[PDB]
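Novice: Take a look at this one; I'll ask things after.
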Protein chains: 2
Amino acid sequence: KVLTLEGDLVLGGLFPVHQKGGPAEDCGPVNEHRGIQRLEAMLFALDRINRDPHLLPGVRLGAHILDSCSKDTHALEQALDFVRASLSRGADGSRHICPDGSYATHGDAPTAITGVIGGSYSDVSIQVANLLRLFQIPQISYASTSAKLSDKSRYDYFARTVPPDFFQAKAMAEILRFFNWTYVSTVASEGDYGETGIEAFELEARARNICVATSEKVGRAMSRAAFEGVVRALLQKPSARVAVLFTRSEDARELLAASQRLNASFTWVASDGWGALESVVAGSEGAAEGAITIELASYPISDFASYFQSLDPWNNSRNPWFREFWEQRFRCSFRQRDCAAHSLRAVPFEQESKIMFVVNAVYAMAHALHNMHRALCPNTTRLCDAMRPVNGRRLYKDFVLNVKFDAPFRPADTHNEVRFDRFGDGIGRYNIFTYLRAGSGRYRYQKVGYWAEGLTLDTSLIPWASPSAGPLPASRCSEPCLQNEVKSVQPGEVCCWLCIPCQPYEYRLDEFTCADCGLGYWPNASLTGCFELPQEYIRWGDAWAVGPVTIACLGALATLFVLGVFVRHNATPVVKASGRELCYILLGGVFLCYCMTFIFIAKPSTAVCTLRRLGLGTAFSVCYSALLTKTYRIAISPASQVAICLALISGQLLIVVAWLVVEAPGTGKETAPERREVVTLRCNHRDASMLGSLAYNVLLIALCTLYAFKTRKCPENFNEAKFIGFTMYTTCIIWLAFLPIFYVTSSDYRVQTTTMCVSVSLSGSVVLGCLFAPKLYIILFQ
Amino acid sequence: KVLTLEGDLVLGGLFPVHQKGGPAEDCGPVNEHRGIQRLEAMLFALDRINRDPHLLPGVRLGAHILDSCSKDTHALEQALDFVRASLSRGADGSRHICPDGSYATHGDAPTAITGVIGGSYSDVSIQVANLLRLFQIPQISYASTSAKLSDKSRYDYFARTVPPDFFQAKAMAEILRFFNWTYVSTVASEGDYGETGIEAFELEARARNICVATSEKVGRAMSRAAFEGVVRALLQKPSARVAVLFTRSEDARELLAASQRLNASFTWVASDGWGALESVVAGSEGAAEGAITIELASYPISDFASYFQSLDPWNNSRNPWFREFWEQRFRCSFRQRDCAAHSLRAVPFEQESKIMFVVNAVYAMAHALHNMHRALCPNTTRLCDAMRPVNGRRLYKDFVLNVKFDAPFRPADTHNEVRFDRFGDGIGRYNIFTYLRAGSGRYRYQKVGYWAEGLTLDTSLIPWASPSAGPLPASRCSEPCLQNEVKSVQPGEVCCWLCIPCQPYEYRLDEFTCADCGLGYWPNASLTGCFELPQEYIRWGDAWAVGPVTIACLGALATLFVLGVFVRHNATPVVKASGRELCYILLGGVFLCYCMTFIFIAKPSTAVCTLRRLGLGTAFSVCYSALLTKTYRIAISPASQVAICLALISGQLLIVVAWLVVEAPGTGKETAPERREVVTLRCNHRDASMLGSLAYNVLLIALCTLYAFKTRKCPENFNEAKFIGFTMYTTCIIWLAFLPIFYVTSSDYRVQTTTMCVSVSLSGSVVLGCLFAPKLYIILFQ
């Protein structure tokens, strides 16, 4: 059937009056929820346009409406009808079986259609758009929610009033960023609807500072085992309790039913698939707590409802499908003439949510036509003779794309308009519905805000945001930490991470990995890396170092007293027949060893440690030489004993200096604990062959001293002989005690060194006392 | 007009009978080169199909041909006619001015078209493909060379027989890789054809081991200044002498004219735009030398020509445009009845290159129809009643894509077939034409090879490759070099580079950059990097080192002789009242200095450096102490002089050893030349405070010796006194001479050290001789 209303400017019309019915019938039984209501809405819109004094005052508006019944071949044939009526007006009727006349001259062909207002489903809209691409005719839809038509490459002459899916994805992104829900999951659908929406959502996510936890898809219909598996995979992540949904109504209902059966609480926000329908939450009211829903902006129209109420098949015979709709709504037949008793005013009527979009499309087309007529021939309001061929390219790319007008039948409360972007898509105007948990009984959706160009909503109506009694429901991954514990570990996630402290001795210079520097130095607080840290020149405490200094001072005082007693008693008979010069050399050696023991506790460094070990070796050599001379020079001439003593001392000094110079006495800093500040404590001259050769030389010197001491028949000055014997015995005992002590305490930092220094000082003091005792006894006797 | 031929299965046809003529007429005057020839070819093809016993023996074949005249609206309306005839057969004629009957029942509507054979230009092909995409009808073209239709997303039910532009780009890539022409330039065009070809060529280039020099584009038509500028930019590169061209015929002719005007020799290969046309090379014969041309594979048909020769408007009234073509070819009108005198056999006829392609398209459609009829209803050869509704989806995606048949009117020489790829495009078969420089007069194209699936051509007909007298003309960038000079520099090119040698001391580890290692070591030949190179322990030559060794041996022999003379003459009066022990100490010091001078020419190392400098300092101190003792101990006790001498020697030794240990005597290797092998020649103990303190101590010792030399009234042993005076004078002179010599030659490698060693050896020998002369004189006197 064809619905034709006369007029100079006629517009196309497409509405699915019927529904799917299989290949048995033509295309299916007549529908009464989508097609007839939108058809009557378009008729009312054109009636108001014809009666509008401000809009199109001179010329009227025609109407050419064809059935679509949600079919493909039928819609294609109806588009062929439109194109044959529009373009084929140039060629007359060809030769056919018509014997009355050759061709039609005035009738049998309507005027060229200016535009078409039709196409609700995705497939029919795609087909109409692809068919009307080449014929240079504009096309506007009213329920085209598919986002695959936004591209102008495949669909150029196509516009829509409802917002596409990427607008809804942007609204989802805005409502997620408003609540700081960076860590969010997504659920897709295997149908035609949802894939482009999820793609746009993921693109907007990866665009600006937000990521996604997981990406799952749900099929059309299968066993509940797959639903249980996918919901378990969703709830597997403990930190994932918020997710977006882009599925249908039945799929959302079954998902909520499965969630209620599994008894798990979540905070779910969905797309327009949920909507304001109540059948999707039937039997699952205690499972959608704290849910956010996106509703398409649509307000009821009082004038359209009043016009639809006063409808009857008696005085309104224009619409051919009106009788079919009347027979479908009320079970009756017009043959028996019994349908007149029924009235439409008695039965309650609910307006379709798409009526406002249809009337907006019609009024936008009317405004575009008015603007074209005003900008083309402004001489008079009558029809211009220069616009008889409908030029769709100009009317599309010059007028309808840039429209600025207020919404029709809009209440004084709202302030909205109708515009189109560069892609010919309507602006995204949505409403936010919250699952309010009102204590007055049942739970129902509550309007809390709207999203047109900017997100403007309040928390005064949100149940989990109004009192702020507890923490705001949000999913976060790695937010809590500062620039003190920088380590980051990522098991399987790239967007977020796990903020973990690193080692305290490791520098902090990168926000993804922790760099571990050397153990001998600590990082700096200037945020530049890990380098050396300044140490102290003096490390030993004053109280502990006072002992060695006091011992050295006492030894020096004893040596000075012995030297003074030897100088004063220079004419004594005991010192005359003895090594007076050798006694002075021994006193000088004692002074030198005391000075070396005092300097051994100075600021440690390379030269410090080398001088300390050289002084220790020289002290050992000079004490051995002094003992050997006292054992030898007493009895082998008086000038050869000191000569060979100095010779052996110089030889031992050269040996030890060679042994210490052949090695590599560095100045490294080593700390015993794992994480501690490294300070200079000991020299790098660790266990090597130098100390072994020094110990071997000391042992050889001790053996020579013992061989010289083996004499026991000395009848002259037995007191000094027994004193030297006791002194060498004490020295050997101290050396034997310090050998295993130093060998076992070598791992110590300052205990072994201090113990060895104290032992050396005590041995030197004992030797000085034993040397001074013979001179004191000789002075007391004579 | 419509050409209708009876048949159960009717095939569609579209041909541009007319051409562009402006909006004044309908669409333009009738053509006689493209439309009528292809229309007659299709008519002859269907005529042969009807008489073919092997192909469609039972059922005939219909025809429905509509005019296109290379337009958009006309072709759109004629495709509208096809769709109205095919799909609208379900519904009868609507109510119209026809008063004879309600609607047509048998006539006024032909059967549904099974397929359509039409579309030559790009725009008409795009329009037909976009229109017939929705009605599930297959479409095959005969001259659709546009490559933007290969995608199945926008054009799914579209097939072609001519190869698209990407096949030609692949053929160009193959013929370029055959000649090893990696470095090539490209010239594009601003028209509709050429952009996708250049894009595919660049994609194939960047795909596998070949790059492009430049990418220029030429507009449609402008002044010659732009052409001169673009050709100058093309010839700017000296190594660029090979170019590909994807332009039209007129553009190629104008470019050849500009090149002949500029007088530049080039080797240019072009696309099918050049072809075998002779008007494009008129006036520019001496400019396209050594040119390669791609020609579309097309062979003449004898049967089609014989059928076209026997044509007349008397017994052939089917074609409506035949009368228009006859009136266009011969200037006459059928009103005067004077056109019968002219005959088509008299005037020569040239077959169009697209005749074979449309014939192959029609025969492929017939083969697909036969295969479908055989695989659907194999019961009988008659038409099946189950295939009355033409199902285009199965007929397309099951039969026309996979066809295996030989080409019609196939000459026994060639071996080719007709196939379609996954995108429904014909296989790429081209011919290679070479600008042969034959000495028989004018120059013309010569067929040298064909390209269907693999490049098979010979050089026996190529003028620049048959004798191989000179090098093959090829453009290369950075081919000549090996893994010996690895450096690479790239001024403005990324694909190729410039192969330049690097520094010989720099290791080779990457083919893009040269890594320069340290100067103190040379890279290895094992291709592992740059590390240290083994040196020699001994560096001084044997002949040069024999001098110092001989001097040391002579000094040691002199010292031994002096010691033996002193030991034998131990009872001499001169040696009795003198320092005999001091003489032995001086002899030992001479032996020590000789040993130090001998060891100073050993293998250089850290310990070697320390021992050498310590021995030099000890020798200086020992000679100073020996001189001081000889000046002092001769006259202040006999046991105190040697004591203070040994004390001063030990003090100087401690001073010099401290000065040498406080420094950092490394073991680095330094080479004087910039690029030479580094060997251990000079030590790390460079100019510092240690040598300054040593020189200061030596100067103080020399000043003390000179102060002791002030005695001039010695009456005992004046001979030894004057000998010691001459010795100390010679030593001071040698030291003063070696000071500035060393200060000036420190920059040398081995001259300064050898000179200093020789001077030290000479001074030691002179001192030994002066010391032995007094003992020798005393022995001679007594």
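How things are named: the first chain in the structure tokens is A, the next is B, and so on; residues count from 1 in each chain; ligands count from 1 in the order shown.
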Taking only C-alpha atoms into account, find every residue of chain B that has an atom no more than 7 Å from chain A, and write it out as number ranges by chain.
Specialist: B: 96-101, 104, 107-108, 127, 131, 607, 639, 662
Novice: Tell me which protein, DNA and RNA residues are within 7 Å of stretch 46-58 of chain A, counting only C-alpha atoms, leaving out same-chain ones fewer than 5 positions away, and put them as number ranges by chain.
Specialist: A: 370, 381-382
Novice: Selected residues, C-alpha atoms, written as a compact mmCIF listing (two decimals), in the first residue's frame, please.
Specialist:
```
# COMPACT_ATOMS: atom_id res chain seq x y z
CA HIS A 370 12.46 26.64 4.52
CA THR A 381 6.86 32.98 -0.20
CA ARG A 382 5.38 31.13 -3.19
```
Novice: Find the residues around residue A:343 up to 12 Å (only C-alpha atoms counted), leave out those fewer than 2 positions away in its own chain, and share them as a PyMOL selection string.
Specialist: chain A and resi 308-313+326+329-330+338-341+345-349
Novice: Would you mind exporting the chosen residues as a tab-separated table (two decimals), in the first residue's frame, restricted to N, CA and C atoms?
Specialist:
```
chain	number	residue	atom	x	y	z
A	308	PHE	N	-3.81	11.63	18.44
A	308	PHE	CA	-3.94	10.19	18.25
A	308	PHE	C	-5.19	9.64	18.91
A	309	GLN	N	-5.67	10.29	19.98
A	309	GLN	CA	-6.87	9.81	20.65
A	309	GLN	C	-8.10	9.94	19.75
A	310	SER	N	-8.20	11.04	19.01
A	310	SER	CA	-9.36	11.28	18.14
A	310	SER	C	-9.08	10.72	16.75
A	311	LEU	N	-9.02	9.39	16.69
A	311	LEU	CA	-8.80	8.67	15.44
A	311	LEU	C	-9.87	7.61	15.26
A	312	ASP	N	-10.32	7.44	14.02
A	312	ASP	CA	-11.34	6.46	13.69
A	312	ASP	C	-11.24	6.13	12.21
A	313	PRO	N	-11.66	4.94	11.80
A	313	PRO	CA	-11.59	4.56	10.38
A	313	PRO	C	-12.74	5.08	9.53
A	326	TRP	N	-6.39	-1.36	13.46
A	326	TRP	CA	-7.61	-1.42	14.26
A	326	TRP	C	-8.08	-2.86	14.44
A	329	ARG	N	-5.55	-4.53	16.99
A	329	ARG	CA	-5.68	-4.11	18.38
A	329	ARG	C	-6.93	-4.72	19.01
A	330	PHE	N	-8.07	-4.60	18.34
A	330	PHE	CA	-9.34	-5.16	18.81
A	330	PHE	C	-9.75	-6.28	17.88
A	338	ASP	N	-19.17	-4.41	13.43
A	338	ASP	CA	-19.25	-4.45	14.88
A	338	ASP	C	-18.06	-3.77	15.56
A	339	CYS	N	-17.13	-3.21	14.80
A	339	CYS	CA	-15.96	-2.55	15.36
A	339	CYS	C	-16.21	-1.11	15.76
A	340	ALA	N	-17.36	-0.54	15.41
A	340	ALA	CA	-17.65	0.85	15.74
A	340	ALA	C	-17.90	1.05	17.23
A	341	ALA	N	-18.25	-0.01	17.96
A	341	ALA	CA	-18.51	0.13	19.39
A	341	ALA	C	-17.22	0.41	20.16
A	345	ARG	N	-10.24	6.02	23.06
A	345	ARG	CA	-10.09	6.84	24.26
A	345	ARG	C	-10.28	6.01	25.52
A	346	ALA	N	-11.06	4.93	25.44
A	346	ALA	CA	-11.29	4.10	26.62
A	346	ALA	C	-10.03	3.34	27.02
A	347	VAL	N	-9.40	2.67	26.06
A	347	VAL	CA	-8.18	1.91	26.36
A	347	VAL	C	-7.03	2.88	26.63
A	348	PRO	N	-6.22	2.66	27.67
A	348	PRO	CA	-5.08	3.55	27.91
A	348	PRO	C	-4.04	3.41	26.81
A	349	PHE	N	-3.37	4.52	26.52
A	349	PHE	CA	-2.37	4.59	25.46
A	349	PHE	C	-1.04	5.07	26.02
```
Novice: Please list as a PyMOL selection string every residue within 10 Å of stretch 200-205 of chain A, counting only C-alpha atoms and excluding residues in the same chain fewer than 6 positions away.
Specialist: chain A and resi 147+165-173+182+186+194+211-212+215+244
Novice: Rounded to one decimal place, report the atom CA of residue B:185-atom CA of residue B:242 distance in Å.
Specialist: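 We find that atom CA of residue B:185 and atom CA of residue B:242 lie 6.2 Å from each other.
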Novice: Work out how far apart atom CA of residue A:558 and atom CA of residue A:623 are and give it in Å to one decimal.
Specialist: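 Atom-to-atom, atom CA of residue A:558 and atom CA of residue A:623 are spaced 15.9 Å apart.
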Novice: Step one, run DSSP on the backbone; step two, keep only residues of stretch 217-271 of chain B assigned to strand (DSSP E or B); then write them as a ChimeraX atom specification.
Specialist: /B:217-218,242-245,267-270
